[PDB]
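Chain residues, written in single-letter form:
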Amino acid sequence: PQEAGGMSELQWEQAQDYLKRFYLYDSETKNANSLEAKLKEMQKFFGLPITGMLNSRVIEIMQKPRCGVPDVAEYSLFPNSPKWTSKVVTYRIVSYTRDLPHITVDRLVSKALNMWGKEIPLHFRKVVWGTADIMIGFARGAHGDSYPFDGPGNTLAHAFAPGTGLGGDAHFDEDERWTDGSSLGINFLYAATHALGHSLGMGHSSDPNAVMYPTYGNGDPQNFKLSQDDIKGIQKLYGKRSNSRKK
Ligand SMILES: [Ca+2]
Ligand SMILES: [Ca+2]
Ligand SMILES: [Zn+2]
Ligand SMILES: [Zn+2]
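Per the deposited record, determination of this structure is attributed to solution NMR.

Draft legend 1. View of the overall build of the chain. What the chain contains, in helices and strands, is six helices and five strands. Along its sequence from the N terminus, the chain presents helices and strands in the succession α-α-α-β-β-α-β-β-β-α-α. Taking 2.2 N^0.38 as the reference for a compact globule, 247 residues should give roughly 18 Å; the C-alpha atoms of the chain span a radius of gyration of 18 Å, in line with that estimate. Dimensions of the chain, computed from C-alpha atoms along their principal axes, come out at roughly 55 × 40 × 40 Å. Across the 247 residues of the chain, 44% fall into the buried class. The contacts in the chain between residues at least 6 apart in sequence include a share of 63% that link residues at least 24 apart. In the chain, which carries 28 positive and 27 negative side-chain charges, the distance between the mean positions of the two groups comes to 10 Å.

Draft legend 2. Region of interest: the coordination of the zinc ion (ligand 3). Surrounding the zinc ion (ligand 3) are the protein donor atoms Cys67 (SG), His194 (NE2), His198 (NE2) and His204 (NE2), at 2.2 to 2.5 Å. Coordination at the zinc ion (ligand 3) is irregular, judged from the four donor atoms that bind it and the angles of 81 to 153 degrees they form at the metal. The sequence pattern describing where the donors of the zinc ion (ligand 3) fall on their chain is C-x126-H-x3-H-x5-H. Taken together, the residues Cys67 in the loop between α3 (57-63) and β1 (88-89) and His194 in helix α5 (residues 188-199) connect sequence positions 127 residues apart. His194 carries the same exposure label as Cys67, and that label is buried.

Draft legend 3. Up close: the environment of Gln63. If you trace the backbone, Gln63 turns up in helix α3. With 72 residues separating them along the chain, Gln63 and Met135 place their C-alpha atoms 29 Å apart. Setting aside residues up to four positions removed in sequence, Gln63 forms contacts with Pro1 and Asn154.

Draft legend 4. Geometry of the nonpolar core. Ranked by internal contacts, the top residues of the largest apolar core, which has 38 residues, are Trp116, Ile134, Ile136, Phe172, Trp178 and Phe188. Elements supplying a minimum of two residues to this core: β2 (91-93), α4 (102-118), β4 (134-139), β5 (170-173) and α5. It is α4 that contributes the most residues to this core, seven residues altogether. Residues within four places of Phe172 in sequence aside, it is in contact with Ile136, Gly137, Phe138, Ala139, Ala157, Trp178, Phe188 and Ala195. Membership of the second largest hydrophobic core comes to 18 residues, among which are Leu39, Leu48, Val58 and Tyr147.

Draft legend 5. Structural detail: the UniProt feature "short sequence motif: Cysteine switch" in the chain. UniProt feature "short sequence motif: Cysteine switch": in the numbering of this structure it lies at residues 65-72. Helix makes up 0% of residues 65-72 and strand makes up 0%, while its end C-alpha atoms are separated by 19 Å.

Draft legend 6. The arrangement of the side chain of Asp229 in detail. Along the chain, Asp229 falls in helix α6 (residues 228-238). According to the relative accessible area criterion, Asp229 is buried, its value standing at 12%. For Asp229, the side chain forms a polar contact with the main-chain nitrogen of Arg245, separated by 3.4 Å.

Conventions and cut-offs
Residues numbered from 1 in each chain as written, not as in the entry; some residues may be left out. Chains lettered and ligands numbered in written order. Heavy atoms only, no water. Helix = DSSP H or I, 4+ residues; strand = E, 2+ residues; numbered from the N terminus. Rg over C-alpha atoms; globule rule 2.2 N^0.38 Å. Buried < 20%, exposed > 50% of the residue type's maximum accessible area, 1.4 Å probe, protein only. Contact = heavy atoms within 4.5 Å. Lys, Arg positive; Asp, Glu negative; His and termini not counted. Charge placed at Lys NZ, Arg CZ, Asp CG, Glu CD. Donors = N, O, S within 2.8 Å, 3.2 Å for Na, K, Ca; no water. Tetrahedral: all angles 85-135°; square planar, octahedral: opposite > 155°, others 65-115°. Core = buried A, V, L, I, M, F, W, Y, C linked by side-chain atoms within 4.5 Å. UniProt positions renumbered as here; feature names shortened; annotations may be inferred. Polar contact = N/O pair within 3.5 Å; in protein donor to acceptor, adjacent residues only side chain to side chain.

What follows is the structure in structure tokens.
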């Protein structure tokens, strides 16, 4: 909490490790000098300009929630594919949270997922009989998977990469707050575009107006939608397109 930067080694480790979990679990790189190199990468990935340092904006974000998905791969059980390679993608809800009835959760995922679908030539299909590729469920890290519950705050939602039928699923930290009309904690619409975006193998982006922006913050937009730099990125791989925007 601000002083994390100049805290004792034990508390300080939490800061260094908070970035580390958001990337991967590699005990080799754990080091006090190596710290400085890896931070360089955090700053480009995040976008923030201040670099080689941490305490003010860098920490402000570690403590602030964002996402629970790693951003890299190394010694783990996952396939190698940048995006979905299936002919069609599908999605179904497993369970629902008391904050929102089942229909509401469901229509939010479609209202976000579809929004991605329109920005790409992939073909998406609605579910009415049987299981689907992407399962959307509420659960805690102790449901039977890696990534722990870590309580509310830090770590917002883990999700999986488009891998096989089982992999590709999306999840929501049930501990976290979830709503839409109340507009109090995390809007489902907003996180859904992010969580579902990770089910497409999209990586984060640095623009401050990005949809996967890892620096959660910004004001309260009117309707809100896919961003410019985020769209061109996915298009460059599914086809060919370019663009530029800042602020
Ligand atoms: Ca959490
Ligand atoms: Ca899946
Ligand atoms: Zn993310
Ligand atoms: Zn899980």
